[PDB]
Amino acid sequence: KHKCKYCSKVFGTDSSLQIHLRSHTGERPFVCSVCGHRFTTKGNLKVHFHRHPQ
C-alpha cells in the first residue's frame, strides 16, 4: 500500500507518501499511469485508465 493517488507512485511508508503528495497540485493532478493524461477528478481517471491496454 502507501501508494500515491495522482501519478500512482508507490512508496514504502506513509511518511514519504505525504512528503510527495503536496507536489502535483495544479488544478489538474490525476495523471494517467499509461498515457500521461491530465484529469481533474478521480472519476475521470478511473474510466479512461480502464479504456487503456489493460
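Numbers for residues come from their place in the sequence shown, where the first is 1.
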Exercise. Looking at the C-alpha B-factor of residue 16, is it in the lowest, middle or highest third of its chain?
Worked result: lowest
Problem set entry | Lowest, middle or highest third - CA B-factor, residue 7 | highest
Seminar exercise, completed: residue 46: CA B-factor among chain residues, third -> highest
Problem set entry | Relative C-alpha B-factor of residue 37, binned into the chain's lowest, middle or highest third | middle
